[PDB]
Amino acid sequence: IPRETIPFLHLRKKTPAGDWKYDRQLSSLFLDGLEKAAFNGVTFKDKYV
Amino acid sequence: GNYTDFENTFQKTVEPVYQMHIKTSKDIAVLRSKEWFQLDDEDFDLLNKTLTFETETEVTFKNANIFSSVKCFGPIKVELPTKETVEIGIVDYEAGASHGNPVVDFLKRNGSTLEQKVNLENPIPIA
Amino acid sequence: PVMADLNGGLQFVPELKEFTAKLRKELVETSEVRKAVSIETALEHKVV
């Protein structure tokens, strides 16, 4: 993820002002789980939806 | 008979030991209101302590109902972590023409005795 | 469109729910201790 660049898929975080900004860290975590899902795939065993 | 001998009339009991568990901060704030609750160390922390009041009350009379002089006094003890007791206070209530001992009236309501009788549901005839 | 902020700085007091709740605590606490001391001083004067 290049600096100064917001990815296309990203999570946000609520600032003390009340607004929701791009958060580098949260967004990283999400995109890594999304990378693993693309390679290994995701299980939903025991998930009730 | 008919006695009007109030000069030579008195009451000099040793009251039953009364204990208070100080749980809250509006229990400690009440005890600090009372003139008669002298502590040796005024800053002493009472919270979650078990105080026992070993109290005796001299009382002289002027009439059938009104007391000439009331006097309640005795050590205030705290139960330590080890369950040995230590003196950390004195009761020192003195009065003139009174209708009551407030110290014992306080400890009855806001405290308890060491033993508590509990009645069976039904009295059992023995014989 | 005009958006008028007639809120006098409450934006900036953070965790206003739990703040406001702490303030009500401190008034009640104080009122209750004071009212409990006042009840006992009446009883322990009524008795004398």
# chains A, B, ... in the order shown; residues from 1 in each chain; ligands from 1
>>> residues_around(residues="region 31-47 of chain B", least_positions_apart="3", cutoff="10 Å", atoms="only C-alpha atoms", output="PDB file with N, CA, C and O atoms, in the first residue's frame")
ATOM      1  N   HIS B  21     -20.522  -3.022  60.253  1.00  0.00           N
ATOM      2  CA  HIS B  21     -19.746  -3.149  58.996  1.00  0.00           C
ATOM      3  C   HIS B  21     -19.918  -1.826  58.255  1.00  0.00           C
ATOM      4  O   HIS B  21     -21.050  -1.576  57.802  1.00  0.00           O
ATOM      5  N   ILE B  22     -18.882  -0.988  58.192  1.00  0.00           N
ATOM      6  CA  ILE B  22     -18.920   0.259  57.371  1.00  0.00           C
ATOM      7  C   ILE B  22     -18.651  -0.133  55.911  1.00  0.00           C
ATOM      8  O   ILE B  22     -17.472  -0.359  55.580  1.00  0.00           O
ATOM      9  N   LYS B  23     -19.713  -0.236  55.090  1.00  0.00           N
ATOM     10  CA  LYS B  23     -19.658  -0.664  53.662  1.00  0.00           C
ATOM     11  C   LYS B  23     -19.524   0.560  52.746  1.00  0.00           C
ATOM     12  O   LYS B  23     -18.652   0.534  51.863  1.00  0.00           O
ATOM     13  N   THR B  24     -20.354   1.586  52.957  1.00  0.00           N
ATOM     14  CA  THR B  24     -20.544   2.744  52.041  1.00  0.00           C
ATOM     15  C   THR B  24     -19.729   3.939  52.557  1.00  0.00           C
ATOM     16  O   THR B  24     -18.897   3.736  53.443  1.00  0.00           O
ATOM     17  N   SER B  25     -19.924   5.121  51.963  1.00  0.00           N
ATOM     18  CA  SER B  25     -19.305   6.407  52.376  1.00  0.00           C
ATOM     19  C   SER B  25     -20.331   7.294  53.096  1.00  0.00           C
ATOM     20  O   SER B  25     -19.898   8.282  53.713  1.00  0.00           O
ATOM     21  N   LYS B  26     -21.630   7.006  52.987  1.00  0.00           N
ATOM     22  CA  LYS B  26     -22.687   7.716  53.760  1.00  0.00           C
ATOM     23  C   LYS B  26     -23.023   6.918  55.030  1.00  0.00           C
ATOM     24  O   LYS B  26     -24.033   7.249  55.668  1.00  0.00           O
ATOM     25  N   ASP B  27     -22.221   5.898  55.368  1.00  0.00           N
ATOM     26  CA  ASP B  27     -22.139   5.275  56.719  1.00  0.00           C
ATOM     27  C   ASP B  27     -21.023   5.962  57.503  1.00  0.00           C
ATOM     28  O   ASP B  27     -21.261   6.287  58.678  1.00  0.00           O
ATOM     29  N   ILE B  28     -19.849   6.142  56.883  1.00  0.00           N
ATOM     30  CA  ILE B  28     -18.673   6.821  57.514  1.00  0.00           C
ATOM     31  C   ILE B  28     -19.022   8.296  57.749  1.00  0.00           C
ATOM     32  O   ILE B  28     -18.573   8.832  58.773  1.00  0.00           O
ATOM     33  N   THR B  50     -14.841  -3.488  60.144  1.00  0.00           N
ATOM     34  CA  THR B  50     -15.871  -3.962  61.104  1.00  0.00           C
ATOM     35  C   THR B  50     -15.540  -3.362  62.471  1.00  0.00           C
ATOM     36  O   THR B  50     -14.598  -3.879  63.110  1.00  0.00           O
ATOM     37  N   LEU B  51     -16.248  -2.295  62.865  1.00  0.00           N
ATOM     38  CA  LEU B  51     -16.125  -1.648  64.203  1.00  0.00           C
ATOM     39  C   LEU B  51     -17.030  -2.375  65.213  1.00  0.00           C
ATOM     40  O   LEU B  51     -18.200  -2.610  64.869  1.00  0.00           O
ATOM     41  N   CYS B  72     -22.583   7.698  78.358  1.00  0.00           N
ATOM     42  CA  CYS B  72     -22.244   6.493  77.569  1.00  0.00           C
ATOM     43  C   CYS B  72     -20.762   6.607  77.257  1.00  0.00           C
ATOM     44  O   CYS B  72     -20.309   7.727  76.988  1.00  0.00           O
ATOM     45  N   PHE B  73     -20.019   5.523  77.396  1.00  0.00           N
ATOM     46  CA  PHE B  73     -18.547   5.545  77.221  1.00  0.00           C
ATOM     47  C   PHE B  73     -18.023   4.112  77.142  1.00  0.00           C
ATOM     48  O   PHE B  73     -18.664   3.188  77.659  1.00  0.00           O
ATOM     49  N   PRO B  75     -14.528   1.655  74.786  1.00  0.00           N
ATOM     50  CA  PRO B  75     -13.666   1.582  73.605  1.00  0.00           C
ATOM     51  C   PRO B  75     -14.423   1.262  72.307  1.00  0.00           C
ATOM     52  O   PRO B  75     -15.345   0.501  72.345  1.00  0.00           O
ATOM     53  N   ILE B  76     -13.998   1.881  71.204  1.00  0.00           N
ATOM     54  CA  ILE B  76     -14.340   1.491  69.807  1.00  0.00           C
ATOM     55  C   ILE B  76     -13.169   0.673  69.285  1.00  0.00           C
ATOM     56  O   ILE B  76     -12.036   1.188  69.349  1.00  0.00           O
ATOM     57  N   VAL B  78     -11.572  -2.012  66.108  1.00  0.00           N
ATOM     58  CA  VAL B  78     -11.600  -2.425  64.674  1.00  0.00           C
ATOM     59  C   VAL B  78     -11.032  -3.846  64.595  1.00  0.00           C
ATOM     60  O   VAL B  78     -10.067  -4.134  65.310  1.00  0.00           O
ATOM     61  N   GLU B  87      -8.064  -1.020  69.916  1.00  0.00           N
ATOM     62  CA  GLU B  87      -8.724   0.262  70.270  1.00  0.00           C
ATOM     63  C   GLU B  87      -8.250   1.331  69.286  1.00  0.00           C
ATOM     64  O   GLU B  87      -7.019   1.519  69.172  1.00  0.00           O
ATOM     65  N   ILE B  88      -9.192   1.986  68.607  1.00  0.00           N
ATOM     66  CA  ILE B  88      -8.912   3.147  67.711  1.00  0.00           C
ATOM     67  C   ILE B  88      -9.858   4.309  68.020  1.00  0.00           C
ATOM     68  O   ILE B  88      -9.865   5.270  67.235  1.00  0.00           O
ATOM     69  N   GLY B  89     -10.564   4.272  69.146  1.00  0.00           N
ATOM     70  CA  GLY B  89     -11.572   5.299  69.457  1.00  0.00           C
ATOM     71  C   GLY B  89     -12.193   5.103  70.820  1.00  0.00           C
ATOM     72  O   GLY B  89     -11.977   4.045  71.439  1.00  0.00           O
ATOM     73  N   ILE B  90     -12.928   6.111  71.264  1.00  0.00           N
ATOM     74  CA  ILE B  90     -13.673   6.117  72.550  1.00  0.00           C
ATOM     75  C   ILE B  90     -15.040   6.749  72.279  1.00  0.00           C
ATOM     76  O   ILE B  90     -15.113   7.715  71.512  1.00  0.00           O
ATOM     77  N   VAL B  91     -16.087   6.193  72.873  1.00  0.00           N
ATOM     78  CA  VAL B  91     -17.412   6.852  73.007  1.00  0.00           C
ATOM     79  C   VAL B  91     -17.306   7.759  74.234  1.00  0.00           C
ATOM     80  O   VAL B  91     -16.702   7.312  75.233  1.00  0.00           O
ATOM     81  N   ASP B  92     -17.720   9.027  74.122  1.00  0.00           N
ATOM     82  CA  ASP B  92     -17.721   9.992  75.251  1.00  0.00           C
ATOM     83  C   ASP B  92     -18.938  10.895  75.085  1.00  0.00           C
ATOM     84  O   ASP B  92     -18.757  12.088  74.755  1.00  0.00           O
ATOM     85  N   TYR B  93     -20.127  10.337  75.307  1.00  0.00           N
ATOM     86  CA  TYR B  93     -21.399  11.100  75.342  1.00  0.00           C
ATOM     87  C   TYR B  93     -21.734  11.444  76.789  1.00  0.00           C
ATOM     88  O   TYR B  93     -21.667  10.559  77.616  1.00  0.00           O
ATOM     89  N   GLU B  94     -22.032  12.721  77.038  1.00  0.00           N
ATOM     90  CA  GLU B  94     -22.452  13.319  78.333  1.00  0.00           C
ATOM     91  C   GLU B  94     -23.649  14.224  78.046  1.00  0.00           C
ATOM     92  O   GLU B  94     -23.662  14.863  76.976  1.00  0.00           O
ATOM     93  N   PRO B 102     -28.893   8.458  73.214  1.00  0.00           N
ATOM     94  CA  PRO B 102     -28.875   8.395  71.760  1.00  0.00           C
ATOM     95  C   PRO B 102     -27.851   7.366  71.242  1.00  0.00           C
ATOM     96  O   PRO B 102     -28.186   6.680  70.299  1.00  0.00           O
ATOM     97  N   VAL B 103     -26.690   7.218  71.899  1.00  0.00           N
ATOM     98  CA  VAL B 103     -25.592   6.312  71.440  1.00  0.00           C
ATOM     99  C   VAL B 103     -26.131   4.896  71.210  1.00  0.00           C
ATOM    100  O   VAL B 103     -25.872   4.324  70.166  1.00  0.00           O
ATOM    101  N   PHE B 106     -28.718   4.631  68.404  1.00  0.00           N
ATOM    102  CA  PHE B 106     -27.998   4.648  67.107  1.00  0.00           C
ATOM    103  C   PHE B 106     -27.559   3.223  66.756  1.00  0.00           C
ATOM    104  O   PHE B 106     -28.008   2.651  65.736  1.00  0.00           O
TER     105      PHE B 106
ATOM    106  N   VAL C  37     -27.140  12.097  57.068  1.00  0.00           N
ATOM    107  CA  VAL C  37     -26.600  12.819  58.261  1.00  0.00           C
ATOM    108  C   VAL C  37     -27.716  13.664  58.885  1.00  0.00           C
ATOM    109  O   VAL C  37     -27.746  13.768  60.119  1.00  0.00           O
ATOM    110  N   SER C  38     -28.567  14.281  58.075  1.00  0.00           N
ATOM    111  CA  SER C  38     -29.661  15.163  58.547  1.00  0.00           C
ATOM    112  C   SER C  38     -30.750  14.320  59.221  1.00  0.00           C
ATOM    113  O   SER C  38     -31.359  14.829  60.179  1.00  0.00           O
ATOM    114  N   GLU C  40     -30.386  11.259  60.799  1.00  0.00           N
ATOM    115  CA  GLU C  40     -29.803  10.740  62.061  1.00  0.00           C
ATOM    116  C   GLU C  40     -29.734  11.858  63.116  1.00  0.00           C
ATOM    117  O   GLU C  40     -30.127  11.569  64.260  1.00  0.00           O
ATOM    118  N   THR C  41     -29.285  13.076  62.774  1.00  0.00           N
ATOM    119  CA  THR C  41     -29.211  14.215  63.735  1.00  0.00           C
ATOM    120  C   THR C  41     -30.600  14.580  64.264  1.00  0.00           C
ATOM    121  O   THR C  41     -30.640  15.140  65.368  1.00  0.00           O
ATOM    122  N   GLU C  44     -31.458  11.492  66.673  1.00  0.00           N
ATOM    123  CA  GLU C  44     -30.516  11.528  67.829  1.00  0.00           C
ATOM    124  C   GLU C  44     -30.594  12.874  68.544  1.00  0.00           C
ATOM    125  O   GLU C  44     -29.558  13.293  69.110  1.00  0.00           O
TER     126      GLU C  44
END
>>> residues_around(residues="residue 9 (chain A)", least_positions_apart="6", cutoff="12 Å", atoms="only C-alpha atoms", output="ChimeraX atom specification")
/A:1,22-24,26-32,34-35
>>> residues_around(residues="residue 12 (chain C)", least_positions_apart="5", cutoff="10 Å", atoms="only C-alpha atoms", output="list in words")
residues 16, 17 and 18 of chain A
>>> atom_distance(atom1="CA of residue 99 (chain B)", atom2="CA of residue 65 (chain B)")
6.9 Å
>>> select_by_dssp(residues="chain B", states="alpha helix (DSSP H)", output="JSON, numbers by chain")
{"B": [28, 29, 30, 31, 102, 103, 104, 105, 106, 107, 108, 109, 110]}
>>> write_last_selection(atoms="C-alpha atoms", output="PDB file, in the first residue's frame")
ATOM      1  CA  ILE B  28     -18.673   6.821  57.514  1.00  0.00           C
ATOM      2  CA  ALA B  29     -20.120  10.376  56.985  1.00  0.00           C
ATOM      3  CA  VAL B  30     -22.857   9.658  59.646  1.00  0.00           C
ATOM      4  CA  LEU B  31     -20.346   8.375  62.297  1.00  0.00           C
ATOM      5  CA  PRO B 102     -28.875   8.395  71.760  1.00  0.00           C
ATOM      6  CA  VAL B 103     -25.592   6.312  71.440  1.00  0.00           C
ATOM      7  CA  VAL B 104     -27.366   2.949  72.109  1.00  0.00           C
ATOM      8  CA  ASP B 105     -30.462   4.038  70.043  1.00  0.00           C
ATOM      9  CA  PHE B 106     -27.998   4.648  67.107  1.00  0.00           C
ATOM     10  CA  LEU B 107     -26.074   1.336  67.417  1.00  0.00           C
ATOM     11  CA  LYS B 108     -29.387  -0.683  67.725  1.00  0.00           C
ATOM     12  CA  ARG B 109     -30.657   0.531  64.285  1.00  0.00           C
ATOM     13  CA  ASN B 110     -27.381   1.115  62.314  1.00  0.00           C
TER      14      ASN B 110
END
>>> atom_distance(atom1="CA of residue 25 (chain A)", atom2="CA of residue 47 (chain A)")
26.7 Å
>>> interface_residues(of="chain C", to="chain B", cutoff="10 Å", atoms="only C-alpha atoms", output="list in words")
residues 29, 30, 32, 33, 34, 35, 36, 37, 38, 39, 40, 41, 43, 44, 45, 46, 47 and 48 of chain C
